[PDB]
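**Student:** Before anything else, here's the structure in question.
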Amino acid sequence: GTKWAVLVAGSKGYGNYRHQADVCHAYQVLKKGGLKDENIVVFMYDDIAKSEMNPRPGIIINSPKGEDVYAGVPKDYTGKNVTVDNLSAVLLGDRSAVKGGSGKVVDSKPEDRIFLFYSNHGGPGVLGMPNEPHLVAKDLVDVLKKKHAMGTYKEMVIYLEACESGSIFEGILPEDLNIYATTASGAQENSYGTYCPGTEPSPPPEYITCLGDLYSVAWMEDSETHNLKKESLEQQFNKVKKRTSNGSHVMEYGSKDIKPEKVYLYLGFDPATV
């Protein structure tokens, strides 16, 4: 089977640098794991690398002495094309329903695995998008229920960075869709930036905004430094939960039978981590 990923930054503006830095970094992790560009669909408003406010033009970093994570990232859905309608079409593998953007979609097969990562603002039962309208959790779950009805994936893992992010799935994500999801925070709780001015470890002084989000960099920095053939989703969740409590409470939803699976089945494996 093929590994697919959909990476979504739900916000825009330089003050939200971190959500797009998280998504660019996630792309780098998946590329090191051997996922192909044709199978990684990126949604990012794309106003950060060339931002009038960026002190390192053309570069995005997601930790204080990190490498540039912007170089190489596909521009599938950027600017006004970062929409709920396009995200739905993409997840459902329906290029005819896409309006604007590259036309890349998750035209996946029953044997394929899918990883979804979202980073931005959240509210009760709702996720931000940088264009109107926002993404209502019930509508996202309805897209996932439809994808399941279509039969076009084997298992799916969703990592979700937002305030009140548990509220995206609590009470509404069924446990029998072969979808396991974790979230940065509880249903009525805030989630946090990391690498922020004024709290060590802090970013370089040219940055007046956080470089990343704690739950997001927790899984990414863990993934790029461990052999993912040997680490399970359960071990990753435990490590991410521990790092994020610092904090907020990382929650899990859906098919908990997926937890003992090795992470490389979703994120790939980097030979350098042996």
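Residue numbering restarts at 1 for every chain of the structure tokens, chains are lettered A, B, ... in their displayed order, and ligands are numbered from 1 as they appear.
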Would you write out, as CSV, a table of all residues in segment 243-269 of chain A that have an atom no more than 9 Å from an atom of segment 173-193 of chain A, listing for each the closest atom pair and the distance in Å to one decimal, considering only C-alpha atoms and ordering rows by chain and rising residue number?

**Tutor:**
```
residue,atom,partner,partner_atom,distance
A:244,CA,A:184,CA,7.5
A:247,CA,A:192,CA,7.1
A:248,CA,A:185,CA,5.2
A:249,CA,A:185,CA,4.8
A:250,CA,A:184,CA,4.7
A:251,CA,A:183,CA,5.3
A:252,CA,A:182,CA,4.2
A:253,CA,A:181,CA,5.1
A:254,CA,A:175,CA,4.1
A:255,CA,A:175,CA,4.8
A:256,CA,A:180,CA,6.2
A:257,CA,A:180,CA,8.3
A:258,CA,A:180,CA,6.4
A:259,CA,A:180,CA,7.7
```

**Student:** Got a sec: who's within 10 Å of segment 90-98 of chain A, counting only C-alpha atoms, leaving out chain neighbours fewer than 6 positions off, as a PyMOL selection string?

**Tutor:** chain A and resi 5-6+41+77+81+83-84+104-109+114+116+140+143-144+146-148+150+152

**Student:** Counting only C-alpha atoms, which residues of segment 104-176 of chain A sit at most 12 Å from some atom of segment 13-16 of chain A, and what is each one's closest atom pair with its distance in Å to one decimal, listed by chain and rising residue number, as JSON lines?

**Tutor:**
```
{"residue": "A:119", "atom": "CA", "partner": "A:16", "partner_atom": "CA", "distance": 10.1}
{"residue": "A:120", "atom": "CA", "partner": "A:16", "partner_atom": "CA", "distance": 7.8}
{"residue": "A:121", "atom": "CA", "partner": "A:16", "partner_atom": "CA", "distance": 9.2}
{"residue": "A:128", "atom": "CA", "partner": "A:16", "partner_atom": "CA", "distance": 11.7}
{"residue": "A:129", "atom": "CA", "partner": "A:13", "partner_atom": "CA", "distance": 11.8}
{"residue": "A:130", "atom": "CA", "partner": "A:13", "partner_atom": "CA", "distance": 8.9}
{"residue": "A:131", "atom": "CA", "partner": "A:13", "partner_atom": "CA", "distance": 11.9}
{"residue": "A:162", "atom": "CA", "partner": "A:16", "partner_atom": "CA", "distance": 12.0}
```

**Student:** Mind pulling up the distance from atom CA of residue 22 of chain A to atom CA of residue 214 of chain A?

**Tutor:**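 Between these atoms lies a distance of 9.7 Å.
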
**Student:** Check the smallest atom-to-atom distance from each of A:75, A:50, A:242, A:154 to residue 4 of chain A using only C-alpha atoms, then report the winner.

**Tutor:**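 Of all the options, A:154 lies closest to residue 4 of chain A.
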
**Student:** So that I can check the surroundings of residue 194 of chain A, please list as JSON, numbers by chain every protein, DNA and RNA residue that reaches within 10 Å of it, counting only C-alpha atoms and ignoring chain neighbours fewer than 3 positions away.

**Tutor:** {"A": [18, 62, 63, 197, 199, 200, 201, 202, 203, 209, 210, 211, 212, 213, 214, 215, 216, 217, 218, 244]}

**Student:** Kindly save the residues from that selection, with N, CA and C atoms included, as an mmCIF file, in the first residue's frame.

**Tutor:**
```cif
data_model
loop_
_atom_site.group_PDB
_atom_site.id
_atom_site.type_symbol
_atom_site.label_atom_id
_atom_site.label_comp_id
_atom_site.auth_asym_id
_atom_site.auth_seq_id
_atom_site.Cartn_x
_atom_site.Cartn_y
_atom_site.Cartn_z
ATOM 1 N N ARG A 18 3.956 30.007 13.632
ATOM 2 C CA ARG A 18 4.182 28.651 14.167
ATOM 3 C C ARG A 18 3.335 27.569 13.464
ATOM 4 N N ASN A 62 11.429 25.880 12.642
ATOM 5 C CA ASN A 62 10.401 25.410 13.568
ATOM 6 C C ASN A 62 11.086 25.044 14.890
ATOM 7 N N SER A 63 12.363 25.420 15.042
ATOM 8 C CA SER A 63 13.012 25.394 16.361
ATOM 9 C C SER A 63 14.190 26.388 16.302
ATOM 10 N N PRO A 197 9.248 33.952 22.393
ATOM 11 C CA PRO A 197 10.048 35.036 23.019
ATOM 12 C C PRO A 197 9.719 35.090 24.501
ATOM 13 N N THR A 199 10.406 32.935 27.042
ATOM 14 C CA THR A 199 10.434 31.694 27.818
ATOM 15 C C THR A 199 11.431 30.765 27.175
ATOM 16 N N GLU A 200 12.434 30.379 27.953
ATOM 17 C CA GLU A 200 13.429 29.430 27.501
ATOM 18 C C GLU A 200 12.843 28.012 27.354
ATOM 19 N N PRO A 201 13.261 27.214 26.339
ATOM 20 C CA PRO A 201 14.199 27.647 25.245
ATOM 21 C C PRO A 201 13.519 28.637 24.271
ATOM 22 N N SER A 202 14.142 29.801 24.080
ATOM 23 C CA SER A 202 13.489 30.868 23.329
ATOM 24 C C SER A 202 14.064 30.939 21.905
ATOM 25 N N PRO A 203 13.342 31.592 20.987
ATOM 26 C CA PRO A 203 13.863 31.629 19.627
ATOM 27 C C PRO A 203 14.995 32.689 19.537
ATOM 28 N N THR A 209 7.767 36.115 17.448
ATOM 29 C CA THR A 209 6.608 35.207 17.472
ATOM 30 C C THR A 209 7.145 33.785 17.764
ATOM 31 N N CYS A 210 6.300 32.883 18.262
ATOM 32 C CA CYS A 210 6.749 31.488 18.562
ATOM 33 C C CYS A 210 7.061 30.787 17.232
ATOM 34 N N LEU A 211 8.043 29.897 17.262
ATOM 35 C CA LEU A 211 8.444 29.186 16.068
ATOM 36 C C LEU A 211 7.607 27.940 15.859
ATOM 37 N N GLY A 212 6.962 27.457 16.905
ATOM 38 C CA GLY A 212 6.270 26.167 16.778
ATOM 39 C C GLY A 212 5.217 26.025 17.851
ATOM 40 N N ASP A 213 4.545 24.855 17.847
ATOM 41 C CA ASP A 213 3.547 24.505 18.854
ATOM 42 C C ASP A 213 4.002 23.238 19.557
ATOM 43 N N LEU A 214 3.834 23.224 20.865
ATOM 44 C CA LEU A 214 4.504 22.207 21.691
ATOM 45 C C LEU A 214 4.126 20.753 21.292
ATOM 46 N N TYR A 215 2.829 20.494 21.139
ATOM 47 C CA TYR A 215 2.390 19.134 20.831
ATOM 48 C C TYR A 215 2.931 18.760 19.438
ATOM 49 N N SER A 216 2.955 19.733 18.511
ATOM 50 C CA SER A 216 3.408 19.432 17.144
ATOM 51 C C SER A 216 4.922 19.130 17.094
ATOM 52 N N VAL A 217 5.716 20.030 17.677
ATOM 53 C CA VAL A 217 7.161 19.761 17.667
ATOM 54 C C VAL A 217 7.433 18.500 18.504
ATOM 55 N N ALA A 218 6.581 18.193 19.493
ATOM 56 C CA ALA A 218 6.847 16.955 20.289
ATOM 57 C C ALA A 218 6.839 15.737 19.388
ATOM 58 N N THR A 244 4.134 17.530 26.255
ATOM 59 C CA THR A 244 3.102 18.599 26.132
ATOM 60 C C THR A 244 2.528 19.026 27.502
#
```

**Student:** According to DSSP computed on the backbone, where in segment 70-213 of chain A is there strand (DSSP E)? Give the residues as a PyMOL selection string.

**Tutor:** chain A and resi 113-119+122-123+126-127+135-136+155-161+179-183+193-194+212-213

**Student:** Which one of A:243, A:133, A:65, A:221 sits closest to residue 205 of chain A if you count only C-alpha atoms?

**Tutor:**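 With only C-alpha atoms as the atom set, the closest residue is A:65.
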
**Student:** Give the alpha helix (DSSP H) residues of segment 16-220 of chain A, as DSSP finds them on the backbone, and put them as a count of residues only.

**Tutor:** 46

**Student:** So what do you get for atom CA of residue 31 of chain A versus atom CA of residue 85 of chain A, distance-wise?

**Tutor:**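 That distance, rounded to one decimal, is 26.4 Å.
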
**Student:** Considering only C-alpha atoms, return as a VMD selection string whatever protein or nucleic-acid residues lie within 9 Å of residue 223 of chain A, sequence-local ones (same chain, fewer than 5 positions apart) excluded.

**Tutor:** chain A and resid 29 218 228 231 236 263 267

**Student:** Filtering to C-alpha atoms, could you give me those residues as a compact mmCIF listing (two decimals), in the first residue's frame?

**Tutor:**
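Written file, part.txt:
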```txt
# COMPACT_ATOMS: atom_id res chain seq x y z
CA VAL A 29 9.68 14.55 8.45
CA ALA A 218 6.85 16.95 20.29
CA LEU A 228 10.07 4.38 13.50
CA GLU A 231 8.42 2.77 17.93
CA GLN A 236 4.77 8.18 20.54
CA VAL A 263 4.77 4.54 13.48
CA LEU A 267 5.24 8.43 8.70
```
